[PDB]
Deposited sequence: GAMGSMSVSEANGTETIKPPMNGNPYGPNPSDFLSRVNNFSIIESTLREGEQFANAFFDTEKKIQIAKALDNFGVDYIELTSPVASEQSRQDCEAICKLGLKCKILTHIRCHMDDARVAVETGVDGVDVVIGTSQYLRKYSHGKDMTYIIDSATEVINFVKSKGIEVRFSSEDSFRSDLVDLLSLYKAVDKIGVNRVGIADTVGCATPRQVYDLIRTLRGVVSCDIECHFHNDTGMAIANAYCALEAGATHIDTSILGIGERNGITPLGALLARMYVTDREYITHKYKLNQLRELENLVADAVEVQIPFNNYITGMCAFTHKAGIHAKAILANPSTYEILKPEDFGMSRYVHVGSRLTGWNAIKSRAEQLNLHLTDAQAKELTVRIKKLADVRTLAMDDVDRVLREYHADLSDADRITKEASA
């Protein structure tokens, strides 16, 4: 009787004009473990380690890897040269301040492009016969770099706290000069997704070149902001392995990939070697001496777990085979010692030998001897082993 209502139906429901601008299954990662990652509290990468991380990334499938400025130190100039000489498939970028010395050094090292950042004293606003200009000094740099055949991206810092009048006018000016990309950076970690959406949609209307986005994760928006940026027309996203960067970091590589996988499995699965992801995180985890968080996306202990029983299959939007794993683990009890190793190793496709099981089981004991295990102890103890 009184427990019903007329059914709410809508009043031909194909794609919206806005959908055509979306880059959600056609974008590039710019991998920044070797620039932004160097600002992580425990990053002290030496050349060899930089080289490995670079090879692994190129092999994993990213389109670009960004390096710390060559001008920053002499060790950087060298490492830049070193990495530019490996023959990687992906393009190699370096980050510079907007200056003629920084650029000369940058192209000397052999990069494929410079990510240029501009300072307030390098552009002005004035009425003339109101008008906004890049100064003559600055503009020469862009032209220089262009004339040496190198790609130029142009950015402003703290993009979400700048005057919009300033920012947009500047990006338009730079677009008239002609560059490959303009970048947007949430340095401070304060941007919200719909706010990111409006800004990129507008930028996409203002300029004609490509658009790059860089988001910090202070407030848990880095992955969401990158997503909305892609929806609005952004063509490139900076990521970092495990997100490592300044403070709690930027858009994490794996997290981004998890989100884009759900949106288009075929595209992500074929472009990137997803079963290589654990390996990639472990190599960085080792160098910066951190543990893979228990709740880390895809690769953390509990990402692929279902509670069995008293607090409990088609709620599995991520398929473990696509990322090198074998199954969701159905957890009904607190596994201890060997039991816990066996479960994770099996999930992870490690074909452990008789002796290895022992070496591990013994070590896990010597650990609990010091204090109680954490469930991240299981992943740590297994870090050295491969599928």
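According to the record, no C-alpha positions are given for deposited positions 1-9, 21-24, 143-144, 328-334, 410-423, numbered from 1.
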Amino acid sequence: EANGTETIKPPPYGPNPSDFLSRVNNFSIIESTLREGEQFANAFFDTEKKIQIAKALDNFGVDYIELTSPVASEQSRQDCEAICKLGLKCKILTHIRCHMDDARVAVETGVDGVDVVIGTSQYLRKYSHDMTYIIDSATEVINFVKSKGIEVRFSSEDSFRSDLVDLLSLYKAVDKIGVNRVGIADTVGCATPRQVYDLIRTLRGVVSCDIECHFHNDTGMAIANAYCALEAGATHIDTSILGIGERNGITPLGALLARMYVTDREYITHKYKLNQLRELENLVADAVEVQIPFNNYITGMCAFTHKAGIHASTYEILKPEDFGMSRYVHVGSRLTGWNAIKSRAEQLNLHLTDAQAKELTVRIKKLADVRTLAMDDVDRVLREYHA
From here on, numbers count along this sequence of modelled residues.
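For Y127, the fraction of other compared entries lacking coordinates, among those that model flanking residues, reaches at least a third. For the cut-off of one third of the other compared entries, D379 stays well clear, since all of them model it along with its flanks. The PDB entry reports B-factors from which the mean C-alpha value can be compared for 230-238 and 136-144; the larger average falls on 136-144. As recorded in the PDB entry, 98-106 is the stretch of 257-265 and 98-106 with the greater mean C-alpha temperature factor.
Across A222, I200, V206, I317, the greatest Cα temperature factor reported in the deposited entry is at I317. In the PDB entry, a CA B factor belonging to the highest third of its chain's modelled residues is recorded for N339. Sorting the modelled residues of the chain by their CA temperature factor places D158 in the highest third. Among the modelled residues of its chain, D354 has a C-alpha B-factor that falls in the highest third according to the deposited record. In the deposited entry, the Cα temperature factor of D130 sits in the top third of values across the chain's modelled residues. For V24, the recorded CA B-factor ranks within the lowest third of the chain. Only modelled residues enter the ranking.
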